[PDB]
file target_38.txt (compact mmCIF, C-alpha atoms and all ligand atoms)
# COMPACT_ATOMS: atom_id res chain seq x y z
CA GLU O 1 -12.07 23.32 -21.72
CA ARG O 2 -8.28 23.41 -21.33
CA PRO O 3 -7.11 25.33 -18.23
CA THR O 4 -4.55 28.13 -18.39
CA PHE O 5 -1.21 26.91 -17.07
CA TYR O 6 1.57 28.77 -15.26
CA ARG O 7 5.30 28.14 -15.16
CA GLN O 8 7.24 28.05 -11.90
CA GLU O 9 10.65 26.56 -11.14
CA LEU O 10 10.88 24.37 -8.01
CA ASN O 11 13.49 21.85 -6.82
CA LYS O 12 16.00 21.94 -9.74
CA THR O 13 13.05 21.33 -12.11
CA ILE O 14 10.52 23.39 -14.08
CA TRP O 15 6.85 22.89 -13.12
CA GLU O 16 3.92 23.75 -15.39
CA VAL O 17 0.71 23.50 -13.32
CA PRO O 18 -2.82 24.93 -13.93
CA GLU O 19 -3.98 28.14 -12.19
CA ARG O 20 -6.16 26.01 -9.89
CA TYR O 21 -3.16 24.88 -7.79
CA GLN O 22 -1.52 27.53 -5.60
CA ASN O 23 1.39 28.04 -3.14
CA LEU O 24 3.39 25.05 -4.43
CA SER O 25 6.08 24.07 -1.89
CA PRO O 26 8.51 21.08 -2.17
CA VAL O 27 8.05 18.25 0.36
CA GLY O 28 10.58 15.70 -0.92
CA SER O 29 11.56 13.43 -3.82
CA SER O 30 9.29 15.30 -7.11
CA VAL O 31 6.29 16.24 -4.94
CA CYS O 32 4.95 19.65 -3.92
CA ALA O 33 2.35 20.53 -1.31
CA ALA O 34 -0.21 22.97 -2.72
CA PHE O 35 -3.62 24.55 -2.28
CA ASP O 36 -6.38 23.67 -4.72
CA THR O 37 -8.76 26.60 -5.12
CA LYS O 38 -11.48 24.90 -7.17
CA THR O 39 -12.09 22.47 -4.27
CA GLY O 40 -10.49 24.15 -1.24
CA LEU O 41 -8.34 21.13 -0.37
CA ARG O 42 -4.63 21.10 0.40
CA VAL O 43 -3.15 18.76 -2.21
CA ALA O 44 0.05 16.87 -2.95
CA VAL O 45 1.15 17.11 -6.59
CA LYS O 46 3.66 14.53 -7.82
CA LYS O 47 5.64 15.21 -11.00
CA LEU O 48 6.61 11.89 -12.55
CA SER O 49 10.40 11.75 -12.66
CA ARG O 50 11.77 11.08 -16.17
CA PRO O 51 8.56 9.30 -17.26
CA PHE O 52 9.55 7.97 -20.72
CA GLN O 53 13.38 7.82 -20.46
CA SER O 54 13.50 4.00 -20.48
CA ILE O 55 11.05 1.17 -21.21
CA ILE O 56 10.89 0.50 -17.45
CA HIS O 57 10.18 4.14 -16.46
CA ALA O 58 7.41 4.28 -19.10
CA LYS O 59 5.89 0.90 -18.15
CA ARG O 60 6.07 2.10 -14.54
CA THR O 61 4.38 5.44 -15.37
CA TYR O 62 1.43 3.75 -17.10
CA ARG O 63 0.93 1.23 -14.25
CA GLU O 64 0.59 3.90 -11.59
CA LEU O 65 -1.79 6.17 -13.55
CA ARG O 66 -4.09 3.28 -14.51
CA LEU O 67 -4.16 1.66 -11.10
CA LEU O 68 -4.84 4.94 -9.30
CA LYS O 69 -7.56 5.82 -11.85
CA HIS O 70 -9.26 2.56 -10.89
CA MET O 71 -8.74 3.01 -7.15
CA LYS O 72 -11.91 4.71 -5.87
CA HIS O 73 -12.37 3.97 -2.15
CA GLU O 74 -12.00 6.10 1.02
CA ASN O 75 -9.26 3.98 2.64
CA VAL O 76 -7.20 3.68 -0.57
CA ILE O 77 -5.36 6.62 -2.17
CA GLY O 78 -7.07 8.07 -5.27
CA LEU O 79 -6.72 10.78 -7.91
CA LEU O 80 -8.16 14.26 -7.58
CA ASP O 81 -6.73 15.14 -11.01
CA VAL O 82 -4.12 14.19 -13.60
CA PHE O 83 -2.69 16.70 -16.09
CA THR O 84 -0.05 17.60 -18.66
CA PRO O 85 0.83 20.95 -20.25
CA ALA O 86 1.02 19.11 -23.59
CA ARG O 87 -1.56 20.27 -26.12
CA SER O 88 -0.66 17.28 -28.32
CA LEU O 89 0.81 13.77 -27.94
CA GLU O 90 3.83 14.82 -30.01
CA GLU O 91 4.79 17.42 -27.36
CA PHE O 92 3.79 15.11 -24.48
CA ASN O 93 6.71 14.58 -22.08
CA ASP O 94 5.59 15.11 -18.47
CA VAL O 95 2.88 13.73 -16.15
CA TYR O 96 1.49 15.19 -12.89
CA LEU O 97 -0.80 13.46 -10.39
CA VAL O 98 -2.83 15.09 -7.58
CA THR O 99 -4.39 13.88 -4.29
CA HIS O 100 -5.43 15.25 -0.87
CA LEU O 101 -2.29 16.35 0.96
CA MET O 102 -2.13 14.07 3.98
CA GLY O 103 -0.84 14.99 7.46
CA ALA O 104 1.39 12.16 8.58
CA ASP O 105 2.13 8.46 8.22
CA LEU O 106 1.36 5.85 10.92
CA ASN O 107 4.79 6.45 12.54
CA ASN O 108 4.24 10.21 12.64
CA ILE O 109 0.62 10.07 13.87
CA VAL O 110 1.72 8.10 16.92
CA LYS O 111 3.96 5.02 16.67
CA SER O 112 6.54 4.96 19.44
CA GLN O 113 3.56 5.27 21.77
CA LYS O 114 0.98 2.76 22.97
CA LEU O 115 -2.39 3.65 21.35
CA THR O 116 -5.65 2.84 23.17
CA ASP O 117 -7.66 -0.26 22.25
CA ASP O 118 -10.52 1.80 20.76
CA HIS O 119 -8.07 3.77 18.59
CA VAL O 120 -6.25 0.66 17.37
CA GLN O 121 -9.68 -0.72 16.42
CA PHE O 122 -10.50 2.23 14.16
CA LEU O 123 -7.13 2.17 12.33
CA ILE O 124 -6.89 -1.58 11.74
CA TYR O 125 -10.58 -1.57 10.78
CA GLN O 126 -9.77 0.99 8.08
CA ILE O 127 -6.68 -0.76 6.66
CA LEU O 128 -8.82 -3.89 6.43
CA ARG O 129 -11.66 -1.96 4.74
CA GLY O 130 -9.12 -0.75 2.19
CA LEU O 131 -7.55 -4.18 1.80
CA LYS O 132 -10.92 -5.75 1.02
CA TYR O 133 -11.18 -3.34 -1.94
CA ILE O 134 -7.59 -3.78 -3.24
CA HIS O 135 -7.91 -7.56 -2.87
CA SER O 136 -11.22 -7.79 -4.79
CA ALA O 137 -9.38 -6.04 -7.64
CA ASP O 138 -6.97 -9.05 -7.57
CA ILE O 139 -4.18 -6.74 -6.41
CA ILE O 140 -1.71 -7.59 -3.66
CA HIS O 141 0.00 -4.69 -1.91
CA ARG O 142 3.16 -6.70 -1.02
CA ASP O 143 4.67 -3.86 1.07
CA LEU O 144 2.24 -2.85 3.82
CA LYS O 145 4.11 -1.08 6.59
CA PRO O 146 3.33 2.07 8.60
CA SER O 147 5.31 4.41 6.34
CA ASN O 148 2.80 3.41 3.64
CA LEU O 149 -0.20 4.44 5.76
CA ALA O 150 -1.53 7.99 5.43
CA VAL O 151 -3.63 9.36 8.25
CA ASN O 152 -5.06 12.81 9.00
CA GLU O 153 -5.72 14.50 12.38
CA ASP O 154 -9.12 12.75 12.63
CA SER O 155 -7.23 9.43 12.13
CA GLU O 156 -8.97 8.68 8.83
CA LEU O 157 -6.53 6.41 6.98
CA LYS O 158 -5.61 5.65 3.35
CA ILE O 159 -3.42 2.77 2.12
CA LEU O 160 -0.62 3.84 -0.24
CA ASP O 161 2.54 2.56 -1.98
CA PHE O 162 5.74 4.71 -2.05
CA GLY O 163 7.29 2.74 -4.98
CA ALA O 164 12.94 -0.51 8.43
CA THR O 165 10.97 -2.21 5.65
CA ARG O 166 11.70 -5.91 6.24
CA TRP O 167 9.86 -5.86 9.61
CA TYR O 168 6.33 -6.26 8.21
CA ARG O 169 6.80 -8.65 5.29
CA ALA O 170 5.24 -12.12 5.30
CA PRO O 171 7.76 -14.94 5.91
CA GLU O 172 7.16 -16.43 2.42
CA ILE O 173 8.23 -13.12 0.83
CA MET O 174 11.57 -13.21 2.66
CA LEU O 175 12.10 -16.82 1.58
CA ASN O 176 11.46 -15.63 -2.01
CA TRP O 177 8.66 -18.14 -2.53
CA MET O 178 7.45 -17.01 -5.93
CA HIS O 179 3.79 -17.81 -5.77
CA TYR O 180 1.89 -15.91 -3.12
CA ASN O 181 -1.61 -14.80 -2.27
CA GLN O 182 -3.32 -11.79 -0.74
CA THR O 183 -2.78 -12.93 2.86
CA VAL O 184 0.82 -11.64 2.78
CA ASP O 185 -0.87 -8.31 3.45
CA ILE O 186 -2.80 -9.84 6.38
CA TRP O 187 0.52 -10.74 7.99
CA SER O 188 1.63 -7.13 7.58
CA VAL O 189 -1.52 -5.82 9.24
CA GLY O 190 -0.94 -8.43 11.98
CA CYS O 191 2.49 -6.92 12.63
CA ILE O 192 1.18 -3.33 12.31
CA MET O 193 -1.61 -4.13 14.79
CA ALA O 194 0.73 -5.80 17.32
CA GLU O 195 2.82 -2.66 17.26
CA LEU O 196 -0.09 -0.22 17.71
CA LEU O 197 -1.23 -2.04 20.85
CA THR O 198 2.23 -2.53 22.40
CA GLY O 199 4.20 0.49 21.08
CA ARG O 200 6.72 -2.23 20.31
CA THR O 201 7.91 -3.52 16.95
CA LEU O 202 6.79 -7.15 16.91
CA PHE O 203 9.73 -8.40 14.83
CA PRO O 204 12.60 -5.89 14.93
CA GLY O 205 15.10 -7.89 12.84
CA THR O 206 18.66 -6.75 12.16
CA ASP O 207 19.01 -8.79 8.93
CA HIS O 208 17.09 -11.39 6.91
CA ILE O 209 17.99 -14.50 8.96
CA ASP O 210 17.44 -12.68 12.28
CA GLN O 211 14.05 -11.61 10.91
CA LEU O 212 12.95 -15.23 10.30
CA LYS O 213 14.63 -16.36 13.55
CA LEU O 214 12.37 -13.90 15.35
CA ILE O 215 9.18 -14.78 13.48
CA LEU O 216 9.57 -18.48 14.26
CA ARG O 217 10.04 -17.79 17.98
CA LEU O 218 6.49 -16.40 18.14
CA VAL O 219 4.58 -18.60 15.67
CA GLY O 220 6.52 -21.87 16.17
CA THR O 221 8.45 -23.99 13.67
CA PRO O 222 6.44 -25.23 10.65
CA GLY O 223 4.19 -28.22 11.39
CA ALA O 224 4.19 -31.45 9.37
CA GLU O 225 1.26 -29.97 7.38
CA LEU O 226 3.34 -26.91 6.42
CA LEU O 227 6.48 -29.05 6.03
CA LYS O 228 4.66 -30.95 3.26
CA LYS O 229 4.16 -27.73 1.28
CA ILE O 230 7.79 -26.63 0.87
CA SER O 231 8.75 -27.25 -2.76
CA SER O 232 12.53 -26.72 -2.57
CA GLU O 233 14.48 -29.77 -1.40
CA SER O 234 17.30 -27.75 0.25
CA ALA O 235 14.76 -25.60 2.11
CA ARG O 236 12.97 -28.66 3.55
CA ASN O 237 16.34 -30.11 4.58
CA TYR O 238 17.02 -26.92 6.56
CA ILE O 239 13.63 -26.75 8.33
CA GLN O 240 14.25 -30.31 9.61
CA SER O 241 17.70 -29.15 10.82
CA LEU O 242 16.07 -26.81 13.35
CA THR O 243 15.17 -27.35 17.02
CA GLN O 244 11.39 -27.63 17.48
CA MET O 245 9.70 -24.44 18.70
CA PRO O 246 6.27 -24.30 20.34
CA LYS O 247 3.78 -21.63 19.26
CA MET O 248 4.09 -18.98 21.97
CA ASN O 249 0.79 -18.24 23.74
CA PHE O 250 -0.22 -14.81 22.39
CA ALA O 251 -1.86 -13.96 25.74
CA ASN O 252 1.62 -13.80 27.31
CA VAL O 253 3.11 -11.86 24.41
CA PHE O 254 0.37 -9.23 24.56
CA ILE O 255 -0.04 -8.91 28.31
CA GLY O 256 -3.40 -7.39 29.27
CA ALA O 257 -4.39 -6.72 25.66
CA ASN O 258 -8.09 -7.11 24.85
CA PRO O 259 -8.46 -10.87 24.16
CA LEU O 260 -10.65 -9.97 21.18
CA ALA O 261 -7.55 -8.27 19.76
CA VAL O 262 -5.53 -11.35 20.75
CA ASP O 263 -7.82 -13.80 18.92
CA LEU O 264 -7.59 -11.55 15.87
CA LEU O 265 -3.78 -11.54 16.03
CA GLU O 266 -3.89 -15.33 16.48
CA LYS O 267 -5.72 -15.45 13.15
CA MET O 268 -3.43 -13.09 11.22
CA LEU O 269 0.01 -14.18 12.37
CA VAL O 270 -0.28 -17.76 11.17
CA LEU O 271 2.89 -19.08 9.57
CA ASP O 272 0.98 -21.06 6.91
CA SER O 273 -0.69 -18.43 4.69
CA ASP O 274 -3.51 -20.75 3.57
CA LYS O 275 -4.93 -20.52 7.13
CA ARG O 276 -4.57 -16.76 7.79
CA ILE O 277 -7.81 -14.77 8.06
CA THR O 278 -8.92 -12.85 4.95
CA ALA O 279 -9.46 -9.07 4.98
CA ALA O 280 -13.18 -9.71 4.37
CA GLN O 281 -13.32 -12.26 7.23
CA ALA O 282 -11.53 -9.93 9.67
CA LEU O 283 -13.99 -7.04 9.26
CA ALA O 284 -16.62 -9.56 10.46
CA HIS O 285 -14.60 -10.35 13.57
CA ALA O 286 -16.11 -9.24 16.90
CA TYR O 287 -13.13 -6.95 17.53
CA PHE O 288 -14.63 -4.37 15.13
CA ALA O 289 -18.24 -4.77 16.31
CA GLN O 290 -18.28 -1.06 17.12
CA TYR O 291 -17.25 -0.21 13.52
CA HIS O 292 -18.24 -3.04 11.16
CA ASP O 293 -20.84 -2.23 8.47
CA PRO O 294 -21.45 -4.90 5.77
CA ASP O 295 -23.43 -2.47 3.59
CA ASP O 296 -20.47 -0.08 3.30
CA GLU O 297 -17.38 -2.19 2.74
CA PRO O 298 -17.40 -2.14 -1.07
CA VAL O 299 -15.41 -4.05 -3.68
CA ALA O 300 -13.77 -2.95 -6.95
CA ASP O 301 -14.58 -3.66 -10.60
CA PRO O 302 -11.86 -6.25 -11.38
CA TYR O 303 -8.50 -4.99 -12.65
CA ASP O 304 -6.34 -6.06 -15.62
CA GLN O 305 -2.86 -6.95 -14.32
CA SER O 306 -1.84 -8.37 -17.71
CA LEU O 307 -2.03 -4.89 -19.34
CA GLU O 308 0.81 -3.59 -17.09
CA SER O 309 3.13 -6.60 -17.72
CA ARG O 310 4.01 -6.22 -21.39
CA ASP O 311 6.89 -5.90 -23.86
CA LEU O 312 5.92 -2.63 -25.46
CA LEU O 313 7.98 -0.06 -27.33
CA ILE O 314 8.60 3.30 -25.56
CA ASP O 315 6.15 5.15 -27.85
CA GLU O 316 3.46 2.53 -27.16
CA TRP O 317 3.56 3.12 -23.40
CA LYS O 318 3.79 6.90 -24.00
CA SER O 319 0.61 6.81 -26.11
CA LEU O 320 -1.35 4.49 -23.79
CA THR O 321 -0.41 6.81 -20.90
CA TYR O 322 -1.42 9.95 -22.86
CA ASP O 323 -4.81 8.35 -23.61
CA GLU O 324 -5.38 7.71 -19.88
CA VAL O 325 -4.63 11.38 -19.13
CA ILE O 326 -7.06 12.52 -21.84
CA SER O 327 -9.77 10.10 -20.65
CA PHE O 328 -9.59 11.20 -16.99
CA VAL O 329 -12.87 11.96 -15.23
CA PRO O 330 -12.38 13.76 -11.88
CA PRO O 331 -14.32 12.47 -8.89
CA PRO O 332 -17.59 14.38 -8.16
CA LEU O 333 -17.09 17.36 -5.81
CA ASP O 334 -17.84 17.26 -2.05
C1 LIG A 401 -3.41 1.35 -4.56
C2 LIG A 401 -2.02 0.85 -4.18
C3 LIG A 401 -1.78 0.99 -2.66
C4 LIG A 401 -1.87 -0.63 -4.56
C5 LIG A 401 -0.96 1.71 -4.89
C6 LIG A 401 -0.82 3.02 -4.70
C7 LIG A 401 0.18 3.36 -5.50
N1 LIG A 401 0.73 4.57 -5.65
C8 LIG A 401 1.20 5.26 -4.60
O1 LIG A 401 1.04 4.86 -3.45
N2 LIG A 401 1.82 6.42 -4.83
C9 LIG A 401 2.37 7.17 -3.86
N3 LIG A 401 3.39 7.98 -4.09
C10 LIG A 401 3.85 8.65 -3.00
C11 LIG A 401 4.99 9.65 -3.11
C12 LIG A 401 4.52 10.78 -4.04
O2 LIG A 401 3.60 11.77 -3.48
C13 LIG A 401 2.21 11.34 -3.32
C14 LIG A 401 1.27 11.47 -4.32
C15 LIG A 401 0.98 12.73 -4.86
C16 LIG A 401 0.01 12.83 -5.86
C17 LIG A 401 -0.67 11.70 -6.33
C18 LIG A 401 -0.37 10.45 -5.79
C19 LIG A 401 0.59 10.34 -4.78
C20 LIG A 401 3.21 8.41 -1.85
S1 LIG A 401 2.02 7.28 -2.20
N4 LIG A 401 0.62 2.25 -6.11
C21 LIG A 401 1.62 2.21 -7.00
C22 LIG A 401 1.33 1.72 -8.28
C23 LIG A 401 2.32 1.68 -9.26
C24 LIG A 401 3.61 2.12 -8.96
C25 LIG A 401 4.67 2.07 -10.06
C26 LIG A 401 5.44 0.76 -10.05
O3 LIG A 401 4.81 -0.27 -10.39
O4 LIG A 401 6.64 0.84 -9.72
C27 LIG A 401 3.91 2.62 -7.69
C28 LIG A 401 2.91 2.66 -6.71
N5 LIG A 401 -0.06 1.28 -5.77
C1 LIG A 402 11.06 -20.72 7.91
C2 LIG A 402 9.99 -21.48 7.11
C3 LIG A 402 8.67 -20.72 7.10
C4 LIG A 402 7.93 -20.87 5.77
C5 LIG A 402 7.00 -19.68 5.55
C6 LIG A 402 6.19 -19.78 4.26
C7 LIG A 402 4.88 -20.54 4.46
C8 LIG A 402 3.69 -19.71 4.01
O1 LIG A 402 2.55 -20.54 3.69
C9 LIG A 402 2.60 -20.95 2.31
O2 LIG A 402 2.44 -19.80 1.47
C10 LIG A 402 2.65 -20.13 0.09
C11 LIG A 402 2.74 -18.81 -0.67
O3 LIG A 402 1.51 -18.08 -0.52
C12 LIG A 402 1.50 -21.04 -0.37
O4 LIG A 402 1.69 -21.45 -1.73
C13 LIG A 402 1.39 -22.29 0.51
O5 LIG A 402 0.15 -22.93 0.22
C14 LIG A 402 1.48 -21.94 2.01
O6 LIG A 402 1.72 -23.13 2.76
call {"tool": "encode", "arguments": {"input": "target_38.txt", "output": "structure tokens", "more": "lines below"}}
Ligand SMILES: CC(C)(C)c1cc(NC(=O)Nc2nc(CCOCc3ccccc3)cs2)n(-c2ccc(CC(=O)O)cc2)n1
Ligand SMILES: CCCCCCCCO[C@@H]1O[C@H](CO)[C@@H](O)[C@H](O)[C@H]1O
result
Amino acid sequence: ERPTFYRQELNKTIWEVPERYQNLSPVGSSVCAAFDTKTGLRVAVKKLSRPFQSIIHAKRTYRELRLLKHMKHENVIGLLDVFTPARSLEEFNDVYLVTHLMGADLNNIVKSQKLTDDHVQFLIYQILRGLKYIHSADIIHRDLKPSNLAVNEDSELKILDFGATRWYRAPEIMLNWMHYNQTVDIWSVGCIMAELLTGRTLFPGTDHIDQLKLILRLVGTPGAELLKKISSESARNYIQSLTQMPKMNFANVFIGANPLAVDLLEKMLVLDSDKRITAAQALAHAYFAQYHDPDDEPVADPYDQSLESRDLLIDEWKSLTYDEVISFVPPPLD
């Protein structure tokens, strides 16, 4: 049965939310923090900004809703509800999405500070547990950084995507290589992990060249095996035109760090992506012996990327989105 809605104005915009959600307060752009009374959880409610104004906005609205409907895992963000005040497609013009309100991001939790080895273990273990799921769905995050990592007081973590940044991106992404695989996320984790242990940004670049200048200093200049894989002539010509760097010994970079954490970093921060560890592989690594459980690191039913990359008319995205809203099954209660 259709819930009774209530109208309230917040943040230069009218909001029509069901009775369920209470004490709506703006947290930034539009999203409000709120209390859900059916479940008892504090929730974040995002109103989709101008959803069907352009083809892009509409295509973008559908992608999010679908993807998040399919995302059902504890270390990946999910949907507690999705709703519209529309009683009919022809009056359909706004979309709201709901999830557990989350305390802080990985900067806010504790970033500037040097976390303990046991604590780092738990966090990285979780990211990896989430990445296994997202990857099995054939999805690549492409933008893993701490500001995309939601974490409560208990330090339970969920991966998310907010639709300095350049510090965590795989080298190939900076060089605008336009074929890449899932291990660009493994690089990001590598960086995130290095930081958690040291309290220090691994690669605190000032611009794009500086960024790659820094990355090479740690991992070394590309070997003749990697050299053979660069497609672009000009690019190859430039890599030759560099002074040879030796791979820095990680032991000396991460002084006194648990050498299990070092070996793991060795395996993530590998310039050639084909040889980086996979999320699945990393969960098996001794470093997470105190957390790893192969019977509870589940995968996703595979996901249709091709459905979100289409030349559709406005009304066609609007109707496919509406259908998704109608077809929404909430997750079973606690
Ligand atoms: C699953 C994974 C990480 C791949 C993922 C997760 C998300 N989505 C996501 O992170 N959403 C978030 N939004 C905020 C700010 C708003 O308040 C939170 C909030 C309140 C209520 C409900 C949800 C969120 C923080 S986290 N995308 C994603 C997919 C498509 C697009 C569209 C495009 O393609 O541009 C953009 C992102 N991919
Ligand atoms: C400064 C020069 C550093 C080059 C960094 C990019 C090398 C990353 O590795 C490359 O990743 C590509 C994209 O996934 C793959 O197609 C290649 O197989 C792999 O060699």
call {"tool": "closest_residue", "arguments": {"input": "target_38.txt", "among": "O:82, O:95, O:192, O:242", "to": "residue 168 of chain O", "atoms": "only C-alpha atoms"}}
result
O:192
call {"tool": "residues_near_ligand", "arguments": {"input": "target_38.txt", "ligand": "ligand LIG 401 (chain A)", "cutoff": "9 Å", "atoms": "all atoms listed in the file", "output": "number ranges by chain"}}
result
O: 27-33, 43-48, 56-57, 59-68, 70-71, 76-82, 96-102, 130-131, 134, 139-144, 148-150, 158-163, 308
call {"tool": "residues_around", "arguments": {"input": "target_38.txt", "residues": "residue 152 of chain O", "least_positions_apart": "2", "cutoff": "8 Å", "atoms": "all atoms listed in the file", "output": "count of residues only"}}
result
9
call {"tool": "residues_near_ligand", "arguments": {"input": "target_38.txt", "ligand": "ligand LIG 402 (chain A)", "cutoff": "9 Å", "atoms": "all atoms listed in the file", "output": "ChimeraX atom specification"}}
result
/O:170-175,177-184,212-213,215-216,221-222,225-230,235-236,238-239,270-275
call {"tool": "residues_around", "arguments": {"input": "target_38.txt", "residues": "segment 285-294 of chain O", "least_positions_apart": "6", "cutoff": "10 Å", "atoms": "all atoms listed in the file", "output": "ChimeraX atom specification"}}
result
/O:117-118,121-122,124-126,129,258-264,277
call {"tool": "residues_around", "arguments": {"input": "target_38.txt", "residues": "residue 52 of chain O", "least_positions_apart": "3", "cutoff": "8 Å", "atoms": "all atoms listed in the file", "output": "ChimeraX atom specification"}}
result
/O:55,57-58,61,93,314,318
call {"tool": "closest_residue", "arguments": {"input": "target_38.txt", "among": "O:333, O:24, O:325, O:248", "to": "residue 83 of chain O", "atoms": "all atoms listed in the file"}}
result
O:325
call {"tool": "atom_distance", "arguments": {"input": "target_38.txt", "atom1": "atom CA of residue 283 of chain O", "atom2": "atom CA of residue 127 of chain O"}}
result
10.0 Å
call {"tool": "closest_residue", "arguments": {"input": "target_38.txt", "among": "O:133, O:113, O:326, O:302", "to": "residue 72 of chain O", "atoms": "all atoms listed in the file"}}
result
O:133
call {"tool": "atom_distance", "arguments": {"input": "target_38.txt", "atom1": "atom CA of residue 128 of chain O", "atom2": "atom CA of residue 190 of chain O"}}
result
10.7 Å
call {"tool": "residues_near_point", "arguments": {"input": "target_38.txt", "point": "(4.6, 2.2, 11.3)", "cutoff": "10 Å", "atoms": "all atoms listed in the file", "output": "ChimeraX atom specification"}}
result
/O:105-112,144-149,164-165,167-168,191-193,195-196,199,201
call {"tool": "atom_distance", "arguments": {"input": "target_38.txt", "atom1": "atom CA of residue 3 of chain O", "atom2": "atom CA of residue 51 of chain O"}}
result
22.4 Å
call {"tool": "closest_residue", "arguments": {"input": "target_38.txt", "among": "O:252, O:205, O:138, O:16", "to": "residue 306 of chain O", "atoms": "all atoms listed in the file"}}
result
O:138
call {"tool": "residues_near_point", "arguments": {"input": "target_38.txt", "point": "(-7.2, 27.4, -11.7)", "cutoff": "10 Å", "atoms": "all atoms listed in the file", "output": "list in words"}}
result
residues 3, 4, 5, 6, 17, 18, 19, 20, 21, 22, 36, 37 and 38 of chain O
call {"tool": "closest_residue", "arguments": {"input": "target_38.txt", "among": "O:246, O:240, O:278, O:84", "to": "residue 187 of chain O", "atoms": "only C-alpha atoms"}}
result
O:278
call {"tool": "build_atoms", "arguments": {"input": "target_38.txt", "residues": "segment 232-248 of chain O", "atoms": "N, CA and C atoms", "output": "PDB file, keeping the file's coordinate frame"}}
result
ATOM      1  N   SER O 232      11.073 -26.603  -2.488  1.00  0.00           N
ATOM      2  CA  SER O 232      12.530 -26.720  -2.570  1.00  0.00           C
ATOM      3  C   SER O 232      13.076 -27.777  -1.619  1.00  0.00           C
ATOM      4  N   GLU O 233      13.837 -28.718  -2.177  1.00  0.00           N
ATOM      5  CA  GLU O 233      14.480 -29.770  -1.400  1.00  0.00           C
ATOM      6  C   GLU O 233      15.345 -29.164  -0.294  1.00  0.00           C
ATOM      7  N   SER O 234      16.357 -28.385  -0.689  1.00  0.00           N
ATOM      8  CA  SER O 234      17.300 -27.750   0.250  1.00  0.00           C
ATOM      9  C   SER O 234      16.613 -27.067   1.422  1.00  0.00           C
ATOM     10  N   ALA O 235      15.556 -26.316   1.115  1.00  0.00           N
ATOM     11  CA  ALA O 235      14.760 -25.600   2.110  1.00  0.00           C
ATOM     12  C   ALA O 235      14.142 -26.543   3.147  1.00  0.00           C
ATOM     13  N   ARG O 236      13.517 -27.624   2.673  1.00  0.00           N
ATOM     14  CA  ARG O 236      12.970 -28.660   3.550  1.00  0.00           C
ATOM     15  C   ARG O 236      14.063 -29.196   4.451  1.00  0.00           C
ATOM     16  N   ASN O 237      15.196 -29.566   3.845  1.00  0.00           N
ATOM     17  CA  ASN O 237      16.340 -30.110   4.580  1.00  0.00           C
ATOM     18  C   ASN O 237      16.752 -29.213   5.740  1.00  0.00           C
ATOM     19  N   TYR O 238      16.668 -27.898   5.529  1.00  0.00           N
ATOM     20  CA  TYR O 238      17.020 -26.920   6.560  1.00  0.00           C
ATOM     21  C   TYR O 238      15.990 -26.808   7.694  1.00  0.00           C
ATOM     22  N   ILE O 239      14.706 -26.854   7.344  1.00  0.00           N
ATOM     23  CA  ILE O 239      13.630 -26.750   8.330  1.00  0.00           C
ATOM     24  C   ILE O 239      13.636 -27.955   9.295  1.00  0.00           C
ATOM     25  N   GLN O 240      14.032 -29.118   8.779  1.00  0.00           N
ATOM     26  CA  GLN O 240      14.250 -30.310   9.610  1.00  0.00           C
ATOM     27  C   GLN O 240      15.414 -30.075  10.571  1.00  0.00           C
ATOM     28  N   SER O 241      16.458 -29.413  10.067  1.00  0.00           N
ATOM     29  CA  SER O 241      17.700 -29.150  10.820  1.00  0.00           C
ATOM     30  C   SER O 241      17.573 -28.077  11.901  1.00  0.00           C
ATOM     31  N   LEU O 242      16.337 -27.767  12.286  1.00  0.00           N
ATOM     32  CA  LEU O 242      16.070 -26.810  13.350  1.00  0.00           C
ATOM     33  C   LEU O 242      15.521 -27.509  14.600  1.00  0.00           C
ATOM     34  N   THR O 243      15.770 -26.903  15.763  1.00  0.00           N
ATOM     35  CA  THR O 243      15.170 -27.350  17.020  1.00  0.00           C
ATOM     36  C   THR O 243      13.703 -26.917  17.065  1.00  0.00           C
ATOM     37  N   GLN O 244      12.829 -27.867  17.395  1.00  0.00           N
ATOM     38  CA  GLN O 244      11.390 -27.630  17.480  1.00  0.00           C
ATOM     39  C   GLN O 244      11.046 -26.465  18.411  1.00  0.00           C
ATOM     40  N   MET O 245      10.220 -25.549  17.908  1.00  0.00           N
ATOM     41  CA  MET O 245       9.700 -24.440  18.700  1.00  0.00           C
ATOM     42  C   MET O 245       8.198 -24.627  18.918  1.00  0.00           C
ATOM     43  N   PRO O 246       7.711 -24.328  20.135  1.00  0.00           N
ATOM     44  CA  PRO O 246       6.270 -24.300  20.340  1.00  0.00           C
ATOM     45  C   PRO O 246       5.690 -22.922  20.025  1.00  0.00           C
ATOM     46  N   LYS O 247       4.479 -22.890  19.475  1.00  0.00           N
ATOM     47  CA  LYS O 247       3.780 -21.630  19.260  1.00  0.00           C
ATOM     48  C   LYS O 247       3.638 -20.956  20.613  1.00  0.00           C
ATOM     49  N   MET O 248       4.247 -19.781  20.760  1.00  0.00           N
ATOM     50  CA  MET O 248       4.090 -18.980  21.970  1.00  0.00           C
ATOM     51  C   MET O 248       2.625 -18.588  22.164  1.00  0.00           C
TER      52      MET O 248
END
